[PDB]
Structure formats: C-alpha cells, structure tokens
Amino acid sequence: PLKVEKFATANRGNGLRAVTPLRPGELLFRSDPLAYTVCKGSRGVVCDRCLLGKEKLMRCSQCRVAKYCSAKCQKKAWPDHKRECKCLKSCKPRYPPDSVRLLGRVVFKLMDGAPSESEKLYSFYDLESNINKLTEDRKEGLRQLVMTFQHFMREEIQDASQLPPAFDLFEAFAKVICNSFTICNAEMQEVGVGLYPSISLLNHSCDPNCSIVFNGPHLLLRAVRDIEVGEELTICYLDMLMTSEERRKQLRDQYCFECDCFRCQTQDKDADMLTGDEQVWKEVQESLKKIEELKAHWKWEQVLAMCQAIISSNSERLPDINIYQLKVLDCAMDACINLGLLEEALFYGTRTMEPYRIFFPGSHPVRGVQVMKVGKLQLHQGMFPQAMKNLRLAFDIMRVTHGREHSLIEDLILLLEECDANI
C-alpha cells in the first residue's frame, strides 16, 4: 500500500500528495532508475553500474569507455550496455554529452527491457516536456541534441521502427532537461545522472517537505517535515547555496516556471549569502567555476591549491557565511580529507558548521553528511566529546534524511559506537 499518490495540481501540472499522515524520516518511495549513466567527470573514476569510486577499474574490452568496480558489475551491466557499447565504440574518441547517452539507454530499456518498476506512478511517456514554454534558443539547442543523438546512435537505430511508438526525439530531450536527476554518492559527490519518472512527479519548493538521497543509483524519497493527508509533496530541485536571483534564472532556463514561494518573494537569506566585499566574492564566484570543474574530475590537488589561494589569500577575504566562500571552504575540506590532510580538513570543515546550520534548515541530507564528516575527522584525532556531539547531531539529521535503508546510516552507527567506547 502506497503512502503517496499522483494528482493534478491547480497550476503546477501533475504532482505527488500524501495518502496518509507522514512524519519526518518516513520512507515514501524507493526506485531504481529507468536509465542512468556516469557523469563525464566521473567516468573511469566510479564503477559504471554501482557508481562507487575505486583505485582501479576494469574496462569493457569492446568499447573501453565503460569501466567497473568488479566482474559482477561488468557482467550485470552488460544487458543495459550491449546496444550502447558499440555506438560508444566506433565513435572514438568522440564521447557524446551525458544527456545523449542517457536518452540512448532510455530507448534501449523501453525497447528491450520489461515494464520498469520506476514507471509505476508515472512513465517516461507521461513526463512534462514544457515544449510550449521553450525559447527559440532552447529549441535550437534541442535540435543540436537530436542530431547528436542520431549520429551517436547510428549503428543501433536506423529508423523509427527501432524507436518506441510515437516516440519523438525532440520531445524526449525536452523531457530529459526538466526531469533529470543528478546522482550524488554517499559523500555528496556528483557521480551520475538518471531518470526516475515516478519520482519526477515531485514539484519544486525552495523550502521542501521531502528529500531525495541516493544509495548508488538507488533512490530513497523521505519526508523531512510533518505532512498531512492531501498535502502536496515537494523537493528542492536546486543547491541550497543559491540566492533567489540564481534560483530564478535556473528555474526559468531549465524548468520553465516562476517560483513565488515565500522565500523567493522576500529574497530570504539573500543578504547574508552575499556579505563581504562584492568585488571579492565576484572573483571567488568566477574562480569557483574552474574549482568545481576540477572537483568534478576528482583532481583534488588542483582543487586544494586554488582553494588555499582564496582561503589564505594575501588580499581581502570573505566571511564564511558568504556562499561562494562557503563553497570554497567545502571544496578545500573534501580535497584535504582525500589527500590525507586531516587536520587541515577539519579546520575547513569546522568552519562550515555554523553557515551550514543556517543555510540547510531542518533536516537536509547535505548538512547531515557534512556534520558526519566533521565528526569523523574529530573522532580520528581523539577529540571524543566534540566528535560525539557532531556524530549524534549527524544521526539526528541523517536518520530523517537517510534511511534504515541507506547504507551510510550503518557507517554512522559504527562511528557512534566507537566514539562511545572511547568515552
């Protein structure tokens, strides 16, 4: 028996609403993807199927683009990979955009796979396309994505007979733009992209009552507030460290709607997000583009050096509540944790603690993971009372955002038990 249901909203198309009263932390829906693929920057860094990062990966001898954590992952991914493997091969060294590879797996799964559990509440055919709202610029880009698809899928798709019935490629890419899910690993690293059509019923809110968390490619939908019967479920489409101006631009360009929630009407937290000298954080925001680019390709040393040049700069610095300063603090923490610089990592991680409490209110999985990382760094350095306080606070957040069903909760309990034995 399902706790959620599809329904027609008054001005937001279709949505999800509660069949029953929901409490914080209650699991609402699990789903594998209908189709998914590894991101461009994580390809060869994480297993193509399970999206876990490893020292070494074994590669597909046929294409050599697909790489895996183990022999089980390579053999199990073969059915969903066999048709794409050789549009991939015989197109080297020309790797297609992530969206084109994503749609290729959608077509193969819809053509050759059985009815997907991921389409139980909502199918790929039902997905919103927002076609009558697309600008001519966005249409032009979708036509370039269509011809890119046809060129990449030459060897396996000759004609409309090998596409689903009434399947239009322009509209399919329109659905991908506004229904794609970025997949983040346990450490909140962007590792993949996938489609979850039943989950794609959730409308956006800048202050949601639900949350998404990923266990590999598997998705868990949870309540993070109290929700009463008939109340619509919402998730935040966007990073929390965005101003209302940046949220307006992204919700327009990608999702074709104007948000008039309370937070956007009052520019909630905008001023605190941009404290400090404007010229200083405009450079940091400009430099974050390359910093985040290097992080997407797991080049941690380059991330740290650029972040150190900002955090320990000889020129004027920013307060830690400035979102662009905060992002540099986060990138530097992840770079240090992963180069083994654990005292420098804790220095940056502890600094993000108070800004994260303000910008991730209630129960947000991003804060719970950040707090868990800080508590894990404190425990590894013998700061047992300080570590316990954060590890418990991480459990108070992540037990609502992450599940009994999420593997990271098991890892947190071990750290809690270990820290408890020490105390």
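So that there is no doubt, residue numbering starts at 1 and follows the sequence shown.
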Compare the mean C-alpha B-factor of 387-395 with that of 65-73 as given in the PDB entry, and name the stretch with the higher value. 65-73
Look up the CA B-factors in the entry and say which stretch, 220-228 or 288-296, has the higher mean. 288-296
Between 272, 187, 136, 98, which carries the biggest CA temperature factor in the record? 187
From 358, 39, 374, 366, pick the one with the largest CA B-factor in the entry? 39
Compared with the other modelled residues in the chain, in which third is the CA B-factor of residue 276? middle
Chain thirds of CA B-factor: placement of residue 249: middle
Mind checking which third residue 109 falls in for C-alpha B-factor across the chain? middle
Third of the chain's Cα B-factor distribution that residue 401 belongs to, per the entry: middle
Sorting the chain's modelled residues by C-alpha B-factor, tell me whether residue 354 ends up in the lowest, middle or highest third. lowest
